[PDB]
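**Q** Structure provided below as structure tokens; questions to follow.
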Amino acid sequence: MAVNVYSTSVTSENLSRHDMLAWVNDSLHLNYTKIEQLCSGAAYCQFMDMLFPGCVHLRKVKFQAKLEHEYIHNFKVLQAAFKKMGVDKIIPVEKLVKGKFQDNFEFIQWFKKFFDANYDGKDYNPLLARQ
Amino acid sequence: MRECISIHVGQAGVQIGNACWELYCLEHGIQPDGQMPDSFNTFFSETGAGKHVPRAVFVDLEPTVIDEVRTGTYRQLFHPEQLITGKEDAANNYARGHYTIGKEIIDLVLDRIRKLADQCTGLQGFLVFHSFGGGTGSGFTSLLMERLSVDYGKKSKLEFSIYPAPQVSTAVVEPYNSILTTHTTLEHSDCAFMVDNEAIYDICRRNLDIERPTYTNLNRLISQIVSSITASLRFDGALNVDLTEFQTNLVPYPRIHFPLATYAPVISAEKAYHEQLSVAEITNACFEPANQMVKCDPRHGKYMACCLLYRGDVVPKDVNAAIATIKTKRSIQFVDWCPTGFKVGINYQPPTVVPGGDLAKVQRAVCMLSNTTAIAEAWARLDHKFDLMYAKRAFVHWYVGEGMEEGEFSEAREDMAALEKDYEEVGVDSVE
Amino acid sequence: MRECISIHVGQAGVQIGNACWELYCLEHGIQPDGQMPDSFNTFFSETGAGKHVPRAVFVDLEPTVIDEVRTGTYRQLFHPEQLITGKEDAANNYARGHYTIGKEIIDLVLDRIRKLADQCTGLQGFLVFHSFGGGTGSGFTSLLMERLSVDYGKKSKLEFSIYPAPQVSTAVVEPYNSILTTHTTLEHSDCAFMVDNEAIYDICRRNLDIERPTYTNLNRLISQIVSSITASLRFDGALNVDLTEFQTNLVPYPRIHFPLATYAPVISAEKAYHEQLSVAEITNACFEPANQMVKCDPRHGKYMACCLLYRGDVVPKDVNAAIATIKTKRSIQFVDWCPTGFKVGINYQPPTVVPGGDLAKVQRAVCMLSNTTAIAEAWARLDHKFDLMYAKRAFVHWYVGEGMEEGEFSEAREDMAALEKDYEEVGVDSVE
Amino acid sequence: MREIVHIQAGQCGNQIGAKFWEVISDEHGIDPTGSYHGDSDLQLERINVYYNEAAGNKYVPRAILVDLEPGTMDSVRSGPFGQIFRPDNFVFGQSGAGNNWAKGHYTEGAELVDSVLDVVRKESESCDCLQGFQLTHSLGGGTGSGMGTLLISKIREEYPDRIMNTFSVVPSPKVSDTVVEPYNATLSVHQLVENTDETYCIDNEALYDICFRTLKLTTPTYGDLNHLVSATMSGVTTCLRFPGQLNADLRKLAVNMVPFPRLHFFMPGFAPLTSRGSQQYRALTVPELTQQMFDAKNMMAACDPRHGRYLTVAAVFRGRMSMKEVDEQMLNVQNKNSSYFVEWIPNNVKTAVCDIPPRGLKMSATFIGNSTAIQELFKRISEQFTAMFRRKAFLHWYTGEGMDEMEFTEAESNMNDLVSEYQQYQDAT
Amino acid sequence: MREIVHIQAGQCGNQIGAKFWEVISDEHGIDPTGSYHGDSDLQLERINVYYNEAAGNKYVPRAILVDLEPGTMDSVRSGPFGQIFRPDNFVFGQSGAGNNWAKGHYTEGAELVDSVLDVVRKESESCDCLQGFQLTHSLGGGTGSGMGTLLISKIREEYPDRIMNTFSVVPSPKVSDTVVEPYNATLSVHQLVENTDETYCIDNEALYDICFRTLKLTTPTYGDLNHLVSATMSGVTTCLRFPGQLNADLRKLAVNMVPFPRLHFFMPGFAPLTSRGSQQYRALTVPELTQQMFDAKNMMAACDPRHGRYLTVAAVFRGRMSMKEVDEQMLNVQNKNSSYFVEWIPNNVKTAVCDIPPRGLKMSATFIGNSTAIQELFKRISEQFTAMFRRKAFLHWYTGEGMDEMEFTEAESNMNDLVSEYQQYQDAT
Ligand SMILES: Nc1nc2c(ncn2[C@@H]2O[C@H](COP(=O)(O)OP(=O)(O)OP(=O)(O)O)[C@@H](O)[C@H]2O)c(=O)[nH]1
Ligand SMILES: Nc1nc2c(ncn2[C@@H]2O[C@H](COP(=O)(O)OP(=O)(O)OP(=O)(O)O)[C@@H](O)[C@H]2O)c(=O)[nH]1
Ligand SMILES: Nc1nc2c(ncn2[C@@H]2O[C@H](COP(=O)(O)OP(=O)(O)O)[C@@H](O)[C@H]2O)c(=O)[nH]1
Ligand SMILES: Nc1nc2c(ncn2[C@@H]2O[C@H](COP(=O)(O)OP(=O)(O)O)[C@@H](O)[C@H]2O)c(=O)[nH]1
Ligand SMILES: [Mg+2]
Ligand SMILES: [Mg+2]
């Protein structure tokens, strides 16, 4: 069971670039220095696993993706997970995979809201998920 | 490149849309058949043949008003799929608009929007025309805004709304519709431009010497304001403003997104001669309360932002001079947290006049978009109206019958109370 | 050189054939008398005089439908020996078609086919038109396929089949006929292109604005798809596909040989103007479920192969671009064992329009042939239908009376069960 | 040698730039097609400072045009001289910045910046000995301000040993042309102080005054304002492009005018400026020119030099004139107006003379003043910033783009510190 | 002397071939009838490299056209230049291959191969000193891929001491043009590694990009793609056909570019490429050309050279130009981009200059890069192959033609080994 969120015109409820990156690194044990590195989709797929036990076939996800098509593949996996959970937000895949800051920042702000709505506090060691 | 897509909801929205698209055609030299014997492209898509189609959607829950479009002078101008009609209207009921009747056509409307947006290379966003009082204008529009926010989000959405008058109503349930729609749409809209029928009527009578103004006249006037707002995108200019800038310049706090529009000069042929109509003169006219298109008193409020959009034979120095003098004037007070209150646009193209129109042809015009704490008066009034009826639960059964819950009335009311307090807080000057 | 021979079985097959051959004549400039005032030669044999005869056989077990061909506008187009009729029909009974009545004319049909093939220098194979539901379309066609497999074998055989709808039937015994014919024909056919009357009707009403579509309209639509498939052989093109390639590109496992056809754009003169109809636009249209010609939901299935056949004013780069974006789209999922899912054909000749047709003349069209696990739904439904009737042995006496054995019902059923499980297995993603 | 790379950002940046390029082409005898139709060999000698030579006897501006929306660009393309520019040197976005510094610096601008950098690098590699960069833009908008500053940051990182100079159109005192202008200016200034070597402050209020009072133009247009600015711009590089008697360049001017690294904000002026009727009643002599230069009414920044002290003043003369006379005049102003000149920098007037005058004129002069009075401008901005920031007005437009209050705070502090620094040297003995 | 035999297989192979022959005829002043109407003696001097001289002052391409279906052939015959070809040199089947490598290599192709071989042998016997063979085809189809490889195998067996080179149109990354393309490519590659001396990898994705971004062609046609490829092709043999200052040929290029026998897969590039409007704003100088050559966006293979290292790079210049300048430019790229060049092959840039430029141009350049980045392409194919083969998808189409799983397996393994080999040298110090 999942729910949907919207962010457009708000105040005092949006994370700075630094804070948001810090959250992602702490949550998933990652070392990103640019928000645009999230455009590979592996991180988002991992977050899905942590939120909703089961859900994604993580053995198919490429965690060290370097090429546009690899990123596309990860987002297909993510798309399937969104379908399974009934989250109705359209992911702008073509814009995300170009690694553009604006679009990636928009998506992370939505995804953070979505995560907060749905996260139950369970422990999750993402290293095992990775390998 | 900089595309802009227009959505016309319910009778008001559609009829204003008819006036707007008639004007646009005249401005770009597009015939009623879509033919012209490059800037138009922001509002018109173009076929393989020499034909141009409005980037527009017209929606109403009943067929009557749209049927006129279909059978009228501009039948060939619009593509059939952009004129969307249901069977039964929302019967002045927000519930019917938002839920019972609206849920049947929302998907269709959104699908067409998606297709429109697909053919844009640089979509700037949406212009939404409706009213606060009707079941469609209130309920359907709120629904639509929700969906648009979800599916697009960061695209700037602008609303032009026929805000109801103090002493000139059309329906009995107007306050309910107004309150609910404002509540539901507030977090989804970026800026909403209010206009009031009473004010426009008064202007028509006093300034244009019209004994008996028709809705057509009001629509025409509205069209002018729209043109001023979009002329920066449809023409070349000296100093430019593009739809995203308005929100930046006029909205100081997220909730306080209701500016008001004022146009100058509105004159007849008899009064167009006998006077020179300088930039200073029209600027002064704009500020003065009698020329405003909302029945509200700025002398009793404070200005938080003014945006001045000049068009035609205009000289930037002159504009600067005019503004400076208005700044000095005792009757114009600005909030203490805003030393810089003016955003200024200047465009080369004079306002074009519709054949058989009530306005005379002028060398210059100006459209002011101004945000004022004085508008809070209207909100208070509306709240009072809601209170009087709700205390007796008058008409409430209708809304509940269409699936609304009574608690939602209270919810909407409290949200509006909060909004009123926000304005009041903003009003006060800074300590220390 | 690259000859292709068309076989039209029963009422559906014959009537679709009439529509197809009318279209072919218009496309190649062949008059109803066989006269023309070189590529046509793949479908028409040529006499000593300036006359052209279809490489076709029309077969029905009763005379009525073929008699119309004989007495109609194209009486001179066909040679008498290519119009084959018996005395009594198969009476919606597979048994009568396959055994009792069919065994009397099969030899004749095959003899004529042999003679047709003798005058081919590079016969590519056969196009077979029929339906699943009729006694002739089901029973006779299955018989015919058996014989063709024996006498030719490696020649690629393609079937166009009027697959029965979920909620729109014509006969009561349809499920029986469908199941048996599918069982008996499965190992003998290389690829079968399903089309559904309900879907086409819906399309006619929604997309073509036709209040009351006739079978003629459906036939015409079908003809278009056929033309797209065969245009690569009948015209010159940039990037080509020849009948043998379809089987290679669309059939991943021997049993899973049921793709589905979708055509775009299907529009009227009123809606042909008012829009530019780009390659991206039509490609997107194709995928979307509402334009499909089978009453099935791809959103609930996975794509295993798509073949896109473009025709007319088309640019390969543009096609590539269009496909790329569709690949990204969330609503299009492909099976995990298929990273490359698109086969693309581009032909220079625009779709030609039949005088008095329901479709408008367009610069571009596209015909998608797509194989989807979603079609398994239909199979399940059909199985369920079989089960309900068979549990009571309803109508079974008819079939047994014509020499069928009851055990063969069970056999056919189990084979279809197996087929259903095959699809399901295919559906799942790869382990590790 | 000493090739300059020109960069234009946003509406104002591009519109000034177009005018500047029209002027320079006229000066060097280049027509709207890029062909040389001039008379003298001096016009071509140093043509490479601003132009690349293309095939078939054409010259193309070493100019890069940047905007987050395509309208201004389009206009430029359609304008007189629009066809002279390299098509590949127009770098335009589709979104716009919506008068938001954040969008220009961090969001939309960031999506575009790399594409611009790529062009810039290529341009740099053209040049045998790159002098540096001149950037034209406003501080009040989103593109010129946010994206321009970003460009400055990156270019400087890439080329730290070249000169970085800017022609910045600053917010006026009397009336604002934007509601959030104090924010945009404030954020810009923080960047400028750390990343530019010199910044010419130009203010439309001053320009209008000049047009109205001095040029006697009842109805000036933005074009007429732009022309003045372009004349100043051309004046600053004149000694790099034409032989003279005492040759200046961009480096020398910086050295003479900037005694401390942060104090690199100038107030430019130009002379002579006269009406059509009123020019026949005056003599264009050196002293007259000097007098015109050294007044307050002819400064293009909205601050009175009489409210502060001149740290350093550079005077650049164009035309055939007497060096002795110039020296006399410069000495005279220092002697008689002693109280307006800082006492601890003796002989704080720097002079340059280029023999080639501008078109139509026998002689002309350009003034560069580094005055402690410019602190007033900064103070105003700080005040305006404060009034808005204390109530967090419009802040969600910037925070919505990922920015934090901390950044704003730091910017405010930095600006205040700069003002303090100016004050300190004003009062020093 | 040094006569080349041209071979064309399948649709793509034939369509490229037609374009190539149109180009070469134009170059040598040959019209659609085979008659010489050129101006200079240099055009005829080495005409025998590509043309046989027939009776009555006509020239006929030493070209063999092969296809398992007759449509493309027919089109070619009806095309402009169709009548120049020897009628007996069209070898066409009637069946087709149905996009099946098996059919092309073992079945239909096998029925046709001997007939082609017979023609080929005759052609070879014409020539006084046969240089070798150039084969044009795709790896994604059935004819060009399966039948082409068969031809390569047989020809090589017959003539093991001649050069075997191929212009192979490879499957792209973004979108496939065939469902079984990974199979067909994979099987092809196994043959190519053992039987060709050099293979130019050309990818339509790259070509489209070039057309769109560099040539500014909104609506490119396949013809326009073909022309680019033909220009590259002509560039590679230019020094064999025209006198120059430093003469290359096919053997020398192979020697310079192939340090290990299996690593013979190149990424070609061509310069200069410009729009109609945008050409007047640039100068066609050697450095510019060099820069255009050595970027990633101008490579015709879908792999970024910045993701690997260049093993060896050959640059072929056509036009009257300075050798010193060329040497400077080549040195410069090596020096400044040191990290993109393998460290254990010093001076890994080979230069050739032919004095005769292409038509319409003052100078032109062709680039041949042997980059370890091409391994990415192979890896992709291997991955795609795996995904399908693990589920035995479409396999019955190939096994039905007599093929076994073992063959597939071996092919997969061989391809993997090649990738490993590339990786090894990428990482070697
Ligand atoms: N300015 C202007 N106002 C209009 C026009 N038509 C209607 N209105 C105003 O709109 C309000 C009535 O709402 P409508 O738009 O008619 O109602 P609706 O949206 O169709 O909703 P339902 O009919 O209840 O489904 C009143 O305040 C009218 O005065 C018009 O042409 N111009
Ligand atoms: N699309 C289309 N479907 C048709 C047409 N005529 C019949 N059908 C369909 O074909 C099925 C009925 O089969 P028929 O072809 O009439 O029967 P038959 O093959 O003559 O077999 P018997 O009459 O039982 O010997 C039904 O699903 C009809 O809807 C037609 O002209 N077009
Ligand atoms: N001198 C001059 N100033 C201009 C011109 N155009 C705009 N401005 C000023 O620049 C400011 C607006 O910023 P602008 O550059 O248009 O915004 P941006 O495009 O977002 O950077 C206002 O203060 C204008 O007065 C011009 O052509 N000349
Ligand atoms: N560059 C180029 N590629 C082509 C052309 N024609 C076909 N192709 C490509 O070749 C592949 C199809 O193979 P093809 O040679 O038609 O099949 P075959 O005839 O069975 O070998 C696809 O990837 C096409 O994009 C052409 O004219 N030019
Ligand atoms: Mg209504
Ligand atoms: Mg029948």
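Using the three backbone atoms N, Cα and C, a Cβ is placed for every residue, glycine included.
According to Swiss-Prot, the protein has these features:
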BINDING   E:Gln11, E:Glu69, E:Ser138, E:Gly142, E:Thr143, E:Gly144, E:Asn204, E:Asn226  GTP binding site
BINDING   E:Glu69  Mg(2+) binding site
CROSSLNK  E:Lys58  ubiquitin cross-link
CROSSLNK  E:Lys324  ubiquitin cross-link
MOD_RES   E:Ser40  phosphoserine
MOD_RES   E:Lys58  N6-acetyllysine
MOD_RES   E:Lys58  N6-succinyllysine
MOD_RES   E:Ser172  phosphoserine
MOD_RES   E:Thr285  phosphothreonine
MOD_RES   E:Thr290  phosphothreonine
MOD_RES   E:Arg318  omega-N-methylarginine
MOTIF     E:1-4  motif 'MREI motif'
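Tell me about the surroundings of these features in the structure.
**A** The C-beta environment of E:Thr143 (GTP binding site), restricted to residues of the same chain at least 6 apart in sequence and closer than 8 Å, consists of E:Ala9, E:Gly10, E:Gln11, E:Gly13, E:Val66, E:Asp67, E:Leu68, E:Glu69, E:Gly96, E:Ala97, E:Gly104, E:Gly109, E:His137.
Taking Cβ-Cβ distances under 8 Å and a sequence gap of 6 or more within the same chain, the neighbours of E:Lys58 (ubiquitin cross-link) are E:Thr33, E:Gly34, E:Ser35.
A C-beta separation below 8 Å, combined with a sequence spacing of at least six in one chain, links E:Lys324 (ubiquitin cross-link) to none of the other residues.
Spatially close to E:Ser40 (phosphoserine) yet at least six residues away along the chain is no residue at all, judged by Cβ distances under 8 angstroms.
Taken residue by residue with DSSP, E:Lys58 (ubiquitin cross-link) is part of a strand.
Listed in sequence order, E:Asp203, E:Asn204, E:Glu205, E:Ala302 are the same-chain residues six or more apart from E:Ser172 (phosphoserine) with CB atoms under 8 A from its CB. In the three-state DSSP reading, E:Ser172 (phosphoserine) counts as coil.
Classification of E:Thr285 (phosphothreonine) by DSSP places it in coil, neither helical nor stranded.
Counting only same-chain residues at least 6 apart in sequence, those with a Cβ under 8 Å from the Cβ of E:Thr290 (phosphothreonine) are E:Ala315, E:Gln329, E:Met330, E:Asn332, E:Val333, E:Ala365.
In three-state terms derived from DSSP, E:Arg318 (omega-N-methylarginine) belongs to an extended strand segment. Residue environment of E:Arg318 (omega-N-methylarginine) contains 24 other Cβ atoms, counted within 10 Å of its Cβ in all protein chains.
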**Q** I'd like to verify something. Among the recorded positions E:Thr285, E:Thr290, E:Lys324, which ones have a C-beta closer than 6 angstroms to some atom of ligand 4?
**A** none
**Q** Would you find the one among the recorded positions E:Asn204, E:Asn226, E:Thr285 whose Cβ has the most company, meaning other Cβ atoms within 10 Å?
**A** E:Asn204
**Q** What residue among the binding-site residues E:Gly142, E:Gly144 has the most other CB atoms lying within 10 A of its CB?
**A** E:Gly144
**Q** Here are some binding-site residues: E:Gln11, E:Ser138. Which one has the most Cβ atoms within 10 Å of its Cβ?
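**A** In terms of Cβ crowding, the pick is E:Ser138.
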**Q** To the nearest Å, how far is the Cα of E:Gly144 (GTP binding site) from the Cα of E:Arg318 (omega-N-methylarginine)?
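**A** So the alpha carbons of E:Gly144 (GTP binding site) and E:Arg318 (omega-N-methylarginine) sit roughly 31 Å from each other.
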**Q** Measure from the Cβ of E:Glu69 (GTP binding site) and count the other Cβ atoms within 10 Å, all protein chains considered.
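**A** Around the Cβ of E:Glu69 (GTP binding site), 26 other Cβ atoms lie within 10 Å.
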**Q** By DSSP assignment, list the helix, strand and coil residue numbers for the motif 'MREI motif' (E:1-4), in that order.
**A** 0 helix, 2 strand, 2 coil
**Q** At its widest, how many Å does the recorded GTP site span between Cα atoms of E:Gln11, E:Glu69, E:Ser138, E:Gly142, E:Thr143, E:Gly144, E:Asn204, E:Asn226?
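**A** Of all Cα pairs among the recorded GTP binders, the widest measures 23 Å.
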**Q** Going through the recorded positions E:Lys58, E:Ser138, E:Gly142, E:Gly144, E:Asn226, E:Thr290 in sequence order, which have a CB under 6 Å from an atom of ligand 3?
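**A** By the Cβ criterion, which requires under 6 Å to ligand 3, there are no hits.
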**Q** For E:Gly144 (GTP binding site), just give me the three-state DSSP call.
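**A** Its secondary structure by DSSP: helix.
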**Q** Just name the recorded positions among E:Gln11, E:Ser40, E:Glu69, E:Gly144, E:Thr285, E:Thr290 whose Cβ comes within less than 8 Å of a chain C Cβ; none is a fine answer.
**A** E:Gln11, E:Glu69
**Q** When you rank E:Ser138, E:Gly142, E:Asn226, E:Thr285 by Cα distance to E:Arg318 (omega-N-methylarginine), which of the recorded positions ends up on top as the closest?
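**A** Of the recorded positions E:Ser138, E:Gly142, E:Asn226, E:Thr285, E:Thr285 has its Cα closest to that of E:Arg318 (omega-N-methylarginine).
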**Q** Where does E:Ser40 (phosphoserine) sit in DSSP terms: helix, strand, or coil?
**A** coil
**Q** How long is the line from the C-alpha of E:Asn226 (GTP binding site) to the C-alpha of E:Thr285 (phosphothreonine), rounded to the nearest angstrom?
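**A** Cα to Cα, E:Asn226 (GTP binding site) and E:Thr285 (phosphothreonine) are separated by 26 Å.
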**Q** Roughly how many angstrom lie between the C-alpha atoms of E:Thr285 (phosphothreonine) and E:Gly142 (GTP binding site)?
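**A** Pair distance, Cα basis, whole Å: 44 Å.
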